[PDB]
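Participant: Okay, here's the structure, questions in a sec.
Counting neighbours? That spans all protein chains shown, and the Cβs are built from the backbone with ideal geometry, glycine included. A short reminder: the numbers here are calculations on the coordinates, not readings from a lab.
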Amino acid sequence: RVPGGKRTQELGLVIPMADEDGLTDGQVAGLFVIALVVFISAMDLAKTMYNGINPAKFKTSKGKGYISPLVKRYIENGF
Amino acid sequence: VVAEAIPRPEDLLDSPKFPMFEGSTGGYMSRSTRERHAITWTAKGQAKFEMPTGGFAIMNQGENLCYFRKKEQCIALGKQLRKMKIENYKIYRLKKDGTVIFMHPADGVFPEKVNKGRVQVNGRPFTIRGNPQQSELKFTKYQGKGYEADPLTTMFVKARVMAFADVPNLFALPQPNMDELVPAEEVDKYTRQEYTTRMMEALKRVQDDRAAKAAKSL
Amino acid sequence: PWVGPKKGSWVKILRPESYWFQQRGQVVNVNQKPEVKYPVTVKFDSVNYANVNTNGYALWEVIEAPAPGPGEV
Amino acid sequence: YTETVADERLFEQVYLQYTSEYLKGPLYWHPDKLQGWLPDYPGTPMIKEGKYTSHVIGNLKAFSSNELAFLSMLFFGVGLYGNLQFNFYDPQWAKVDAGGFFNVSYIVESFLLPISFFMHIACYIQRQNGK
Amino acid sequence: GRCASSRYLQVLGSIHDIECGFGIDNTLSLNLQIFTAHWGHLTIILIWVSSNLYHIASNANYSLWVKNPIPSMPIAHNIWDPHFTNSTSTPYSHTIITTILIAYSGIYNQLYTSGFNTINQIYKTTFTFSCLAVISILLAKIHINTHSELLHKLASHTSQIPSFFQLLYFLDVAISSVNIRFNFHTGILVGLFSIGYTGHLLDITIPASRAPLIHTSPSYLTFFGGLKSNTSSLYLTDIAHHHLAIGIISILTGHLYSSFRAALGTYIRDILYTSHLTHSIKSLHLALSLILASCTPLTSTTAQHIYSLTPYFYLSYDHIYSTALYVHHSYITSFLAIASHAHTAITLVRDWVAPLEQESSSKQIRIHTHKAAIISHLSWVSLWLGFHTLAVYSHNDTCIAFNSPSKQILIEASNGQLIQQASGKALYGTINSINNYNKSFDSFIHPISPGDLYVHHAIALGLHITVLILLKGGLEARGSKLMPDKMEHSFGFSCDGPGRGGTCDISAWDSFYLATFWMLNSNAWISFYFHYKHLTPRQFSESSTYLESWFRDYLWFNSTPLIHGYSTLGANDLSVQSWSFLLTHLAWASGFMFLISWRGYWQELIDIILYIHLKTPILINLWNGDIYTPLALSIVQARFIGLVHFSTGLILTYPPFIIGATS
Amino acid sequence: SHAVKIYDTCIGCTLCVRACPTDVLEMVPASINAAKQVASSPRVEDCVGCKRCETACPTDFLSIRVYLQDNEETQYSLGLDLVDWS
Amino acid sequence: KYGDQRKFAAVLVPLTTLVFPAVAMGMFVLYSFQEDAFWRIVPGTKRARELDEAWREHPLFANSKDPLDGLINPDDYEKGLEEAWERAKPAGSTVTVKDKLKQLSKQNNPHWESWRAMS
Ligand code: CLA
Ligand code: CLA
Ligand code: CLA
Ligand SMILES: CC1=C(/C=C/C(C)=C/C=C/C(C)=C/C=C/C=C(C)/C=C/C=C(C)/C=C/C2=C(C)CCCC2(C)C)C(C)(C)CCC1
Ligand code: SF4
Ligand code: SF4
């Protein structure tokens, strides 16, 4: 390394480098699996945010919706 | 008013109605634009004028005809002609199909002269400050367009502003009873006119309960 | 029967968006036609940004204020 | 008859005066009229007659003015005593520095000074309402 | 008809303005979109944290820096750029070894203090934070589905009475509720997070900093002071005790509002209604403005107290970390401070209902009644500060150029000195009453000189003018004498035409645009003050009362190593710093034309260029311009782009100078 | 297209009509002023937005107000010459 | 060796800073020519109309855009307004409340949201 700046040269500040590898390739692959999971989930979230809420789902979607018993209490507790 | 038979500028090459004009690169860009505006007028003497697209021109003692890309250029030339005491000039918009639309002296009388049969379009019956606040019309028909509100809506929101400042006399909206209301929509009792009577009696009960509760420590 | 402030009488402007809001100006004339919405014509010593020192106001925007006095708008 | 501008202004005034009174009632149901919005909570009016109603002081609304005055003065005395006996007289810093512990009574008492301030505020509020 | 080239700029100028969305019809959609965006942003933050932790784990030397931190230098990440020399060796690598970058963030000290010892722990931490990012995205999906399920449950919802429509206002009570949010934020998110961090310190950080001790006994909660001698940082026991105290206080405070039951706690509306407030708390812009105005003191005090009382191991021993952290957090808090005012102006434009003309009930009403007095007095104090700081600086410059250093006007900073003396007496009384005295507080109190007084007056001037511009924009956003209908238009619009005197820069957004220059200038003054006092306290104390000293002994003198970085003599490890220095100068100057030259010139230029394209042989038969018509940038877009260039240049020109001067 | 609105304070100057470069404005009969005429904007689709009408209006605050709508621009409101959107 | 992570870099850096950005730019310019492009900020898109109509189909949000929504019993409000105007009607005035409100609701703004005619 060719240092720059007065202080590094006049104090002898050095930047050690590990002679080992750091992380093995297996650990990097393990991180990349979960990174890919984040990536897929983020693409799905971006799609959902782009399209937004669909209010007309009650005409076609199955089920009948649900309001959790605490959500009702929060509704009638005030605002 | 009778619209003329202004032909498409690509089919009227070498017409006697064209004034002698120098011709410049400022003319309408063919090969990319098909909508052209045409202005016609009748002059008395071959008086030199200035084309809106650069370069000068000399009118004809009889009919005149010019083609322009924009209505603004036609109106500029119309003002220039009218400065020379030349009335009776008409401005047409030519569609791509060749349809002729009569534009500038729309009813035959110039817009600065009052003519019967006209109605104030985009008129608002108050001072400019009378427009409703943008904050009042959030998520309504006029979400970010408070200047487009009909005067009835402006008065309604003004009355709402007047009302929602006497806080002590307001009526708090009762909290809905979610857990025990909310059946399936097929489970209704109809009787719409009775539903307003139920509204009256339920709100009376709510107000009486609130008065009774308030008259405990107040 | 005359309606509105007298001619030559100072009036305080009550139009909020007016350049002369809460200022004072002499009444040039008051249009007597009941159909006119802004009949009161007021002239001011201080011109607005359009270099116009006169404007027509409504009957409910002038309150017949006294004379300005020394160093007072 | 033709509708002069004065007649239109009169209709404006009539409409506004009627509607501003109507919208305050139980028949307009605007989101600004919800609980937590402009109007007071149903059974708990805060300000009436331009005076803090008894419901302002919460659970203390049932307390008498004399009771609140006594509590205010007592808490002021106790909290001021705690603060003065913790800061200037009988300092605890040296004692706790050498491995000791605070005089817990002083710490508990010293928190009664702002409590006393708000207690005397509540005493005045109760006195105004005649409670 | 279709759009022109300005569509991209128009769309991207409000790409996140969810209130301006076209499909959005109600506060339910707005609140749900905002909540989902919050979840995505939290995911981004977690991924960024995991990124830094990974690169420290893999492409770095944490295992070696932890052993000898004082003279060693950390590694940010490797350099893989095919543009470098495939031969020889770059100045950023030890010959044949790979290329590295020195980290100036400060994460090494953060991890060392927090108790990290091994690379494996950092790798596990990276994995956990990636897991947390997954969890955040899944929570976003969960909440989108729950709100859509409530909406679908409105297919089985009726009150059997006309009051059923009231449920319209309570659909987003999950997001818009305030009492529950305040209670749980202040209690859990603040107090219990502090208590959990105290537990972390007592279980890991203090055990992994000294010899083995008792089973984390209550002797781990100390009240020493600051600056433990060996590591030149705060005592970890003191930090744990501080977090414990803050946690207890905030946990107690968090039981204030009525959150889960109607029988406990007071409502925020009733608290405000009986005070000098009662603002419209349902506005999202108002909440955003007043919490950005809260992150601003927090970030500014973070900048001040990371330096004054260094909390991390060997952080004061790094000459570059200390300046970089302070400058970074000062810029962040300046941005948040101007954000608070910008969103206050947006609140007044969009989400504020005012009485008819005279009802002086709202706080904004009372402020607007005498807004002219506020602006006039702010202008007066700004004028006074500017006049009397520039004039005294000019006196000093002139009298020191004339060989007369003794003719300067040097007002001794007596008030700041009195405050420092009182604080020092208090601290010394604290220390003298200790059996373990001889403590240090580093730079909590610093030597104050006339140069300090003049720089503080300059900083006060900058703050006053920034607040003046922002406050004027906020107060006249709804209408001024020049344009008494400004609340009918958008928050940002071009102008009001050349008539009525001329109306360039009339919108409230234009007030923000003008105020951002003053924010940048005030921040530059603060950063220059800190950096100059950091480089040479003695020379700053003596020769900083005349501006020529700032020009020569700081800027011209300290820029020597940076320009020499790459030259016709070889390169240093500052080559990137010098190249980015020049690039940021180019970016700063490039935005001048977007600010000085305005639209019409360029629109004519674009018309000429488009004439060429529609006249070139091959282009005309493929592209007539009717699809994405090239047009010059609109006026507001032009001002914003020039502002972006100016801000980027001014901000990013500084870190190269900091690195060249300190390292 | 922009939005050009005429308010009641109009006094029938006709200056706004004369200043318009694309014939957006016109004079209509009315009974709210001594001139018995007020302005109207029947053709705001041709309003470029030059605001010359606002410059020419002499009322205390403009009886004619032009509201710019940039996310609304058409080929006529932009004054496109080299390019046709029809 | 301290290297051997550059095996990952030699693939990732060219990929994510050349292949992904170029694909993203091409996909963006392709998306720019869809009829759905920027449907949330660009007026007159088909999806905006469908979303607005879907909101209007919900029973809660049927009369949500009406600025006058809220009157529980509009007949009572109108009757009270008419009664209050009768006692204040000036002399032999011929204007009723019903037609006055009807003509105060009907304004003439043809060029308002005319962009709801293409998609
Ligand atoms: C340093 C700031 C700066 C820069 C770079 C420019 C650049 C330019 N100005 Mg300008 N201008 C500025 C400040 C600046 N101006 C200021 C302060 C004013 C005062 C109002 C003006 C006023 C002004 C006017 C009035 C005019 C110009 C014109 C021009 C253009 C003519 C020069 C040209 O085409 O070269 C090319 C542009 C360059 C920047 C040269 C460097 C190009 C780089 C180094 C190579 C490419 C980089 C590479 C592709 C990287 C890719 C990007 C990356 C994302 C991958 C050019 C775009 C004239 C014009 O447009 O006429 C043609 C013109 O009429 N300017
Ligand atoms: C009769 C002269 C006069 C008087 C009494 C005042 C009085 C005042 N001005 Mg002021 N002002 C004046 C002229 C005057 N001004 C002129 C000519 C200008 C244009 C440069 C300004 C520009 C100005 C600004 C920009 C501000 C004030 C402010 C103020 C107020 C705070 C005091 C201050 O800032 O003074 C400082 C005054 C100045 C910096 C302006 C220079 C002073 C001029 C040169 C004096 C001229 C006097 C005149 C020649 C006398 C001739 C007498 C002869 C004909 C017989 C105060 C009410 C401030 C305010 O509103 O806060 C409440 C404020 O922000 N003034
Ligand atoms: C607009 C006026 C103004 C403003 C905003 C400031 C702002 C500041 N001053 Mg300051 N100062 C001023 C005027 C002002 N000063 C004047 C006129 C003097 C006398 C020469 C001083 C003398 C002074 C000293 C000695 C010190 C400060 C310091 C400070 C900083 C800390 C706050 C403080 O203690 O100030 C005190 C608060 C004020 C001075 C407010 C007074 C405002 C009045 C209206 C100014 C005019 C007073 C008038 C001339 C008195 C005439 C008396 C005569 C009748 C006999 C802060 C940046 C301290 C500092 O930065 O240390 C690091 C510090 O030590 N100031
Ligand atoms: C199969 C497998 C494999 C492979 C893997 C891979 C292939 C991976 C990749 C990975 C990757 C390639 C990753 C990436 C990632 C990325 C990311 C992770 C990013 C993210 C982002 C975010 C998260 C954000 C977002 C957003 C935005 C910005 C927009 C708006 C919205 C939001 C917010 C969402 C191996 C053999 C190895 C192993 C076994 C298994
Ligand atoms: S210029 Fe103004 S006042 Fe005159 S006619 Fe036109 S709109 Fe009316
Ligand atoms: S802005 Fe220009 S084109 Fe539009 S109506 Fe006014 S004068 Fe005519």
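Participant: Where the centroid of each part is defined by its Cα atoms, how far is region F:49-83 from region B:34-104 in Å?
Facilitator: Computed from Cα coordinates, the inter-centre distance equals 23 Å.
Participant: Can I ask one more? Could you work out how far the C-alpha centroid of region E:518-584 sits from that of region G:49-91, in angstrom?
Facilitator: Region E:518-584 and region G:49-91 have Cα centres separated by 67 Å.
Participant: Could you run the Karplus curve 6.51 cos²θ - 1.76 cosθ + 1.60 with θ = phi - 60° over region A:55-64 and give me ³J(HN,Hα) per residue in whole Hz, x for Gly and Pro?
Facilitator: For region A:55-64, the Karplus-derived couplings read x, 6, 5, 5, 7, 10, 5, 7, x, 9 Hz, x marking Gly and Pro.
Participant: Which values, in whole Å and largest first, are the semi-axes of the equivalent ellipsoid of chain E obtained as the square root of 5 times each eigenvalue of the Cα gyration tensor?
Facilitator: 42, 37, 32
Participant: Can you give me the C-alpha center-to-center distance between region E:371-426 and region E:611-644, rounded to a whole angstrom?
Facilitator: Using only Cα atoms, the two centres lie 52 Å from each other.
Participant: Continuing with the same structure: May I ask for the net charge around E:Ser440, where only other residues with Cβ less than 14 Å from the Cβ of E:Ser440 are counted and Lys, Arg are +1 while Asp, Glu are -1?
Facilitator: Summing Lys and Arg as +1 and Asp and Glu as -1 gives 0.
Participant: Give me D for region E:360-487 in µm² s⁻¹, whole number, from Stokes-Einstein with Rh from the Kirkwood sum over alpha-carbon pairs, 20 °C and 1.002 mPa s.
Facilitator: Diffusion coefficient, whole number: 114 µm²/s.
Participant: Beyond 20 Å between alpha-carbons counts as too far, so tell me which of B:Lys113/C:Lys43; C:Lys12/E:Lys481; A:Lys47/B:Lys141; B:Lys44/B:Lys95 fall in that bin.
Facilitator: Beyond 20 Å between Cα atoms: B:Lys113/C:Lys43; A:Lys47/B:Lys141; B:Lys44/B:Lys95.
Participant: So, one more: Counting only residues 5 or more places away or on other chains, whose amide H sits under 5 Å from the amide H of B:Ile58 once H atoms are built in the peptide plane?
Facilitator: Residues meeting the amide H criterion: B:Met20, B:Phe21, B:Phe49.
Participant: For region F:31-86, what ratio Rg/Rh do Cα atoms give with a Kirkwood hydrodynamic radius?
Facilitator: The Rg/Rh ratio comes out at 1.08.
Participant: For chain B, take the longest principal axis of its alpha carbons; what is the angle in degrees between that and the long axis of helix B:192-214, to the nearest 10 within 0 to 90?
Facilitator: Helix B:192-214 sits roughly 60 degrees off the main axis of chain B.
Participant: Separation between the E:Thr95 and D:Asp97 pseudo-spin-labels, each 7 Å from Cα along Cα→Cβ, expressed in nm?
Facilitator: Placing both labels 7 Å along Cα→Cβ, they lie 5.8 nm apart.
Participant: Pulled fully out, how much extra length does the chain show between E:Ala373 and E:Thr301, if you take 0.36 nm times their separation in residues and subtract their Cα-Cα distance?
Facilitator: 22.8 nm
Participant: In addition: Counting partner chain Cβ atoms within 10 Å of every residue's Cβ in E:24-36, what's the average?
Facilitator: Mean shielding by partner chains, rounded to a whole number: 5.
Participant: Please list, in order, the residues from region E:78-108 whose amide nitrogen is less than 11 Å from a point placed 7 Å along the Cα→Cβ vector of G:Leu12.
Facilitator: It comes to E:78, nothing else.
Participant: Let me ask something else. I need the Kirkwood Rh of region E:468-509: take the reciprocal of the average 1/r across all distinct C-alpha pairs and report it in angstrom.
Facilitator: Here the Kirkwood hydrodynamic radius works out to 10.3 Å.
Participant: Give the dimensionless ratio obtained when the Cα radius of gyration of chain C is divided by 2.2 N^0.38 Å.
Facilitator: It is 1.04.
Participant: Continuing with the same structure: Provide, as a two-decimal number, the C-alpha radius of gyration of region E:1-129 over 2.2 N^0.38 Å, N being how many residues it has.
Facilitator: Against the empirical 2.2 N^0.38 Å value, I get 1.60 for region E:1-129.
Participant: Moving to a separate point now. Where does the charge balance sit around E:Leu277 when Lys and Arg score +1, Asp and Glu -1, over other residues with C-beta under 15 Å from its C-beta?
Facilitator: With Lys, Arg at +1 and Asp, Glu at -1, the neighbours total +3.
Participant: Using a Förster distance of 45 Å, how high is the FRET efficiency between E:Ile249 and E:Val644, based on the Cβ-Cβ distance and rounded to 0.05?
Facilitator: 0.60
Participant: From the helices alone, meaning DSSP H stretches of at least four residues, give me the mean residue ellipticity at 222 nm for chain E, per-run term -39500 (n - 2.57), in deg cm²/dmol to the nearest 500.
Facilitator: Computed mean residue ellipticity for chain E: -18500 deg cm²/dmol.
Participant: Given region E:230-289 reduced to its alpha-carbon atoms as identical point scatterers, what log10 I(q)/I(0) does the Debye formula return at q = 0.14, 0.21 Å⁻¹?
Facilitator: Normalising to I(0) and taking log10 leaves -0.67, -0.93.
Participant: Need one value for E:482-492: mean number of C-beta atoms belonging to other chains within 10 Å of its residues' C-beta atoms.
Facilitator: Partner Cβ neighbours, averaged per residue: 6.
Participant: May I pose another question? Is it possible to state the helix-based mean residue ellipticity at 222 nm for chain B, with each DSSP H run of 4+ residues giving -39500 (n - 2.57), the sum divided by total residues, to the nearest 500 deg cm²/dmol? What is it?
Facilitator: Computed mean residue ellipticity for chain B: -7500 deg cm²/dmol.
Participant: Return a single number: how many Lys pairs in region G:10-119, at a sequence separation of 8 or more or on separate chains, have alpha-carbon atoms below 17 angstrom apart.
Facilitator: Counting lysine pairs in region G:10-119 gives 8.
Participant: Here's a follow-up. In square nanometres and to one decimal, what's the mean projected area of the convex hull around the Cα atoms of chain A?
Facilitator: Projected area, direction-averaged: 14.4 nm².
Participant: One quarter of the convex hull surface, Cα atoms only: what value does that give for region E:301-358 in nm²?
Facilitator: Computing the convex hull of the Cα atoms and averaging its projections yields 5.9 nm².
Participant: Treat every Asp and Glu Cβ in chain C as -1 and every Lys and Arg Cβ as +1, leave all other atoms uncharged, and give the resulting dipole magnitude about the Cα centre to the nearest 20 debye.
Facilitator: I would put it at about 180 debye.
Participant: Next question, about the same structure. To check you understand DSSP bridge types, tell me what percent of the beta bridges within chain E (both residues inside) are antiparallel, rounded to 5.
Facilitator: That works out to approximately 75 percent antiparallel.
Participant: With both bridge residues required to lie in the protein assembly as shown, what share of the DSSP beta bridges run antiparallel, to the nearest 5%?
Facilitator: Percentage antiparallel, nearest 5: 90.
Participant: Could you check how many percent of all C-alpha pairs in chain G are farther apart than 18 Å?
Facilitator: In whole percent, the long-distance tail amounts to 76.
Participant: Right, here's the next one. Using the Karplus curve 6.51 cos²θ - 1.76 cosθ + 1.60 with θ = phi - 60°, what ³J(HN,Hα) values do you get for each residue of region B:41-50, in whole Hz, with x for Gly and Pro?
Facilitator: 7, 10, 10, 9, x, 6, 8, 5, 9, 10
Participant: Which three extents, in whole angstrom, do the alpha-carbon atoms of the protein assembly as shown cover along their principal axes, largest first?
Facilitator: Dimensions of the protein assembly as shown along the principal axes of its Cα atoms: 106, 90, 80 Å.
Participant: Kyte-Doolittle cut-off 0.5, length cut-off 30 Å along the helix's own axis using Cα: show which whole DSSP H helices in chain E pass.
Facilitator: The qualifying helices are E:27-57, E:119-153, E:284-308, E:321-350, E:371-401, E:450-475, E:575-595.
Participant: Going Cα to Cα from G:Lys1, which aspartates and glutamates come in below 19 Å? Please leave out same-chain ones fewer than 8 positions away.
Facilitator: Filter leaves A:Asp19, A:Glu20, A:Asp21, A:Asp25.
Participant: For region A:10-66, which trypsin sites (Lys or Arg not before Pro) are both in a DSSP coil and crowded by at most 16 other Cβ atoms within 10 Å?
Facilitator: Answer in residue order: A:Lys62, A:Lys64.
Participant: Going from the alpha-carbon gyration tensor of chain B, what semi-axes, largest first and in whole Å, does one get by taking the root of 5 times each eigenvalue?
Facilitator: 68, 21, 16
Participant: Please enumerate, by chain and number, the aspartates and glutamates with C-alpha under 15 Å from the C-alpha of E:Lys615, excluding those fewer than 8 residues away in the same chain.
Facilitator: Reachable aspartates and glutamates: E:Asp607, E:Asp626, F:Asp81.
Participant: So, one more: For region B:1-87, state the semi-axes of the equivalent ellipsoid (square roots of 5 times the eigenvalues of the alpha-carbon gyration tensor), sorted largest first and rounded to whole angstrom.
Facilitator: Each semi-axis is √(5λ); the values are 19, 15, 13 Å.
Participant: Evaluate the Kirkwood expression for the hydrodynamic radius of region E:105-209, namely the inverse of the mean inverse distance over all pairs of different C-alpha atoms, and round to one decimal in Å.
Facilitator: 18.2 Å
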